[PDB]
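# Overview (structure and organization)
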Amino acid sequence: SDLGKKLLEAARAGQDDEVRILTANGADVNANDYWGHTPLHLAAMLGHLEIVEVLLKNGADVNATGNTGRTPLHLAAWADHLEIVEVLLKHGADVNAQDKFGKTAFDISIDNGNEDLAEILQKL
Amino acid sequence: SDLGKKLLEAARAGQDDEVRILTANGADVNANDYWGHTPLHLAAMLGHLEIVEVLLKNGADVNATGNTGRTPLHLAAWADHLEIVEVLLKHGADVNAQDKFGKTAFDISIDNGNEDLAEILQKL
Amino acid sequence: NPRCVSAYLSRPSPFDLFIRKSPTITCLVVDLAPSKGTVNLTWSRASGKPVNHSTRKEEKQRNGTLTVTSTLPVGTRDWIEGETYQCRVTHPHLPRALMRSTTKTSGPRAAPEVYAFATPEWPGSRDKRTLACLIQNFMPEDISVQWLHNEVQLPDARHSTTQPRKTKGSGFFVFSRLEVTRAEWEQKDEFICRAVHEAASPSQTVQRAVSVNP
Amino acid sequence: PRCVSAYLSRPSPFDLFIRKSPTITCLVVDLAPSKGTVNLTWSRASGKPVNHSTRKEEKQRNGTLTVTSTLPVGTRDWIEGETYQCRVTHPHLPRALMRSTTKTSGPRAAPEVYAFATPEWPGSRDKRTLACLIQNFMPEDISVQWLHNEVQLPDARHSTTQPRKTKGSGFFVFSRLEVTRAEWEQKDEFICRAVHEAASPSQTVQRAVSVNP
């Protein structure tokens, strides 16, 4: 219950030393932040590709349940944090996961006009 | 003798109010600065096209004698202070005036690779 | 001279956030070419929840520039809980669009130390003094500074405050300068340099009094 | 967005008036590494010869490349108003970049220098902070240094702000110097010194400050 709270903070912070040293105590790799996000959400967005795998390593869900329906593959697509996106589908992130609005991963690709994003969101 | 000394300072400064208010006392529009430059030199370089005409108005020499042989048309060409250059040949600045090195106005145009400069230094 | 359109996205002022409890963030776009059609500034939240109505400001600059800003009011709850907000900048002849994002700055916490000083009377104008304030060793770097005379806040334009610089250690420091008049310190020689900072407890405020006369 | 910009600096008042070996620096930021080399070319408005300059390259955190050229200039030439230009040439560069610099002009005004010690604050009481306000000088070119026991400290010991306009015509600047108990105990004598063209004589103004008066 307690350990996890501290964790996510760093999940967004990018305290890798910590992050690697937290699952070392057996952290809840599926913790949630007041807004159902796993670290994996928070990693995904910011270029903490340093730690975005560290989670999947210790088992983090390749498609967690954001309490606005948003799975990290969304929270990746959000950001032209682009190399990060790549990995998600290496082991499969749901390609067509719907938020509560009626929105998926392929959606944001032109919401931002991101031509590269539609390019690789038309593959797996 | 004394009035002129103050003048040039502003000639580079760009104190137009002053500059217009200095020939108003009858300034030596052909003053020199420890380096035979008229204000016209100093105007030419910096974008004080506000005052570059104010001189020619009160009669400043369209080709003064810089004590390194350099006439303001040089000291214009120096700077991609470009619109300034234009005027110089409206009433004629010597197009082929040599410094003491063996250098003229058309020279600097590629010394800086300035394509626009060679373009208009191949006209009058 | 170069012209590279750049965009800046600010966090809320600690004052707005904690004191007025009406935080806003601002997206600033500089070095635009006037009348090249309009620039789109689009706000969004990482959670996908709705954004308020923002205010847009345009102003031509004495450097041929056009400067555009959008100010978005955000929920105090939402911000402090770590919502992420993005500004997206769209343009006609624009290659790739501009995106800035912002969220509450996290990291260790540290309250500010506030020290205030009056300049001794210097020759010439002795009907003026300068108050100065050193606020240091706070983290993170988001800080609001204000001056009060007689317990009432002066207009922000009265003082100059520096940008947070790293101290030799882990914290930051900042200087504030406030020129004052004889009329002012004579009617009451009471001035306060106040800082607003998330780490200051309680109520996110720390201040220090200073008098022109010892 | 990556945008290459160039900055051309005037000599430090310290270098210029104290060391009497002034230099100017052309700084080029946000370069793309290994896109071939950038040319930095120095020239004088009078067309007289420039000294040999030193060029520095360093790949940056953000993976931009930063390049600088430092050119030694004559003290007489500078103070007499020579104009110096940096020209920046590059392969994937449309227009070339040109910055120029000359001795600042306009009214002069010497700096007021005030120095202060922080009172002991809880926690670390083996540390104090010295601070210095220098203000009402013009033009804005100023050097600040700190001395302990009449000997100048390494510049890295202190932080100095960028000149900001005062409400009036002049500028002001702050300097911060953290000190240790070891230091002020062995001698409680520190000086904030400013070097400025308008300061007479010898372009210097300083102020002493002790932790424990």
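Residues numbered from 1 in each chain as written, not as in the entry; some residues may be left out. Chains lettered and ligands numbered in written order. Heavy atoms only, no water. Residues with missing side-chain atoms left out of burial classes, pairs and counts.

Looking at the method and resolution fields of the entry, one finds X-ray crystallography and 4.240 Å.

## With respect to the overall build of chain A
Rules: Every helix listed is a DSSP run of H or I at least four residues long, and every strand listed is a run of E at least two residues long, numbered separately from the N terminus. Within these notes, the globule rule equals 2.2 Å times the number of residues to the 0.38 power, and the radius of gyration is based on C-alpha atoms. Residue contacts are defined here by distance: any two heavy atoms, one from each residue, within 4.5 Å place the two residues in contact.
Check the secondary structure of chain A and you find eight helices and zero strands. Secondary structure of chain A in N-to-C order comes out as α-α-α-α-α-α-α-α. The C-alpha radius of gyration of chain A comes to 14 Å, within 12% of the 14 Å expected for a compact globule of 124 residues. When contacts within chain A are restricted to residue pairs at least 6 apart in sequence, long-range pairs at least 24 apart make up 63% of them.

## As for the overall build of chain D
Put simply, the test is: Here's how the labels work: a residue is buried when its accessible area is under 20% of the maximum for its type, exposed when over 50%, partly exposed in between, all with a 1.4 Å probe on protein chains only. In short, Shrake-Rupley with a 1.4 Å probe defines the accessible areas, and a residue's cover is counted only from the protein chains shown.
Scanning chain D from N- to C-terminus turns up three helices and 16 strands. Along the longest, intermediate and shortest principal axes, the C-alpha atoms of chain D span 60 × 40 × 35 Å. Out of the 213 residues in chain D, the part that is buried amounts to 52%. Put simply, of all contacts in chain D between residues at least 6 apart along the chain, 60% involve residues at least 24 apart. Summed over all atoms, the accessible surface of chain D reaches about 10200 Å², with 49% contributed by carbon and sulfur.

## Digging into the pairing of strand β2 (residues 23-31) of chain D
All names here are of chain D. Counted only if it meets this: When DSSP finds two or more bridges between two strands, those strands count as paired.
Both strand β1 (residues 5-8) and β2 contribute to a ladder of four bridges, which runs antiparallel. Among the inter-strand pairings, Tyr7 is bridged to a residue of β2, identified as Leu27. As judged from the seven bridges shared by β2 and strand β5 (residues 65-72), these two strands associate in the antiparallel manner. Directly across from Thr23, in β5, lies its bridge partner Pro72.

## As for the interface of chain C and chain D
Short version of the rule: Summed over both partners, the accessible area (1.4 Å probe) lost when two parts come together is defined as the buried area. The salt bridge criterion pairs a side-chain nitrogen of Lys or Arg with a carboxyl oxygen of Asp or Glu, the two atoms within 4 Å. Pairs of N or O atoms are called polar contacts if they sit within 3.5 Å, as long as, within protein, a hydrogen donor faces a hydrogen acceptor (for residues adjacent in sequence, only side-chain-to-side-chain pairs). Classification used: nonpolar for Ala, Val, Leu, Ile, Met, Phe, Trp, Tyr, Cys and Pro, charged for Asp, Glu, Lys and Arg, polar for all others including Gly.
On the chain D side, the residues contacting the 35 residues of chain C number 36 residues. Here chain C packs against chain D, burying approximately 3000 Å² in sum over the two surfaces, 64% of which is carbon and sulfur. Connecting chain C to chain D are zero salt bridges. Taken together, the links from chain C to chain D amount to 10 residue pairs in polar contact. Mapped onto the side of chain C that touches chain D, the elements with two or more residues apiece are β7 (98-103), β8 (113-118), β9 (128-138), β12 (159-161) and β14 (172-181) of chain C. When grouped by side-chain class, the residues that make up the side of chain C that touches chain D number 16 nonpolar, 11 polar and eight charged.

## Overview of the environment of C:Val89
Residue and element names in this part refer to chain C. Its place among the elements puts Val89 in strand β6 (residues 84-90). Since its relative accessible area comes to 3%, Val89 is described here as buried. With 25 residues separating them along the chain, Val89 and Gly64 place their C-alpha atoms 20 Å apart.

## Remarks on the UniProt feature "disulfide bond" in chain D
All names here are of chain D. What counts, and what does not: When two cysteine sulfur atoms lie within 2.5 Å, the pair is treated as a disulfide. UniProt positions are given in the numbering used here, feature names are shortened, and annotations may be inferred rather than shown by experiment.
With its sulfur atoms placed 2.0 Å apart, the pair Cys26 and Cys86 listed by UniProt as a disulfide is counted as bonded here, the threshold being 2.5 Å. You can see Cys26 sitting in strand β2 and its partner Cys86 sitting in strand β6 (residues 83-89), a full 60 residues away along the chain. No difference in accessibility class separates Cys26 from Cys86, as the two residues are buried. Of the disulfides listed in UniProt, the one linking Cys132 with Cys192 is reproduced by the coordinates, which place the two sulfurs 2.1 Å apart.

## Things to note about the sheet that holds β7(C)
Pairing between sheet strands relies on hydrogen bonds along the backbone, with the strands arranged either parallel or antiparallel. Residues and elements named next belong to chain C. Just so we agree on the cut-off: Helix axes are fitted only over the stretch in contact, all axes being lines through C-alpha atoms; the angle between N-to-C directions runs from 0 to 180 degrees.
Strand order in the open sheet made by the three strands is β3-β6-β7, with antiparallel pairing throughout. Two strands lie at the open edges of the sheet, namely β3 (40-45) and β7, each paired on one side alone. Put simply, the sheet's adjacent strands are angled 20 degrees from each other on average, direction ignored. Across six bridges, the pairing between β3 and β6 is antiparallel. Its bridge partner being in β6, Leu41 is matched across the sheet by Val89.

## Points about the pairing of β14(C)
All names here are of chain C. The buried fraction of β14 is high, at nine of 10 residues. Here β12 pairs with β14 via three bridges, running antiparallel. Within β14, the position partnered with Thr161 by the bridge is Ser176. One ladder, built from two bridges, connects strand β13 (residues 165-166) with β14; its direction is antiparallel. For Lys166, the partnering residue across the bridge sits in β14 and is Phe172. Connecting β13 to the antiparallel partner β14 that follows it, the hairpin turn spans five residues.

## A short note on the interface of chain C and chain A
With 14 residues of chain C in contact, the opposing surface of chain A contributes 14 residues. For the side of chain C that touches chain A, the secondary-structure elements that each account for two or more residues are β3 and β6 of chain C. Taken together, the residues that form the side of chain C that touches chain A break down as two nonpolar, five polar and seven charged.

## Notes on the environment of A:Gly36
All names here are of chain A. Of note, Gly36 is situated in the loop between α2 (16-20) and α3 (39-45). Since its relative accessible area comes to 4%, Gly36 is described here as buried. Residue contacts for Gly36: discarding those within four places in its chain leaves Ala31, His41, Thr65, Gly66 and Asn67.

## Considering the sheet that holds strand β10 (residues 143-148) of chain D
All names here are of chain D. Within the open sheet, the four strands sit side by side as β11-β10-β15-β16. Their pairing is antiparallel. Every interior strand has two partners, whereas the edge strands, β11 (151-152) and β16 (204-209), have only one. Pairing of β10 with strand β15 (residues 190-195), which is carried by six bridges, proceeds in the antiparallel orientation. Bridging from a neighbouring strand, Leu147 pairs with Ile191 of β15.

## Section: the state of the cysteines
Residues and elements named next belong to chain C. For the coordinates displayed, the defined rule picks out five disulfides over all chains. A disulfide bridge connects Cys27 with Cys87, and the sulfur atoms are separated by 2.0 Å. The S-S bond linking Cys27 to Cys87 shows a torsion near -110 degrees; that makes this disulfide left-handed. Placement of the pair is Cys27 in strand β2 (residues 24-32) and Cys87 in strand β6, with a sequence separation of 60 residues.

## What about unusual backbone geometry?
Residues and elements named next belong to chain C. With an omega of -5 degrees, the peptide bond running from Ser201 to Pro202 counts as cis. In this structure, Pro202 sits in the loop between β15 (191-196) and β16 (205-210). Of note, the phi angle at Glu151 is positive, near 70 degrees, even though the residue is not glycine.

## Some details on the pattern of salt bridges
Taken as a whole and assessed by the stated rule, the structure comprises 28 salt bridges over all chains. We note a salt bridge from C:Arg20 to C:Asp16, for which the minimum N-O separation is 3.2 Å. You can call C:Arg20 partly exposed: its relative accessible area is 48%. Using a relative accessible area of 17% as the deciding quantity, one classes C:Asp16 as buried. Taking the shortest distance from any N to any O, the salt bridge between D:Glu197 and D:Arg108 comes out at 3.1 Å. Taken together, the residues span a long stretch of sequence, with D:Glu197 in the loop between β15 and β16 and D:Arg108 in the loop between β7 (97-102) and β8 (112-117) at a distance of 89 residues. Residue classification places D:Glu197 among the buried residues on the basis of a relative accessible area of 15%. Take D:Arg108: its relative accessible area is 54%, and that puts it in the exposed class. Taken together, the salt bridges that share partners define one network made up of C:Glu121, C:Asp127, C:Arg129, C:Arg182 and C:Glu186.

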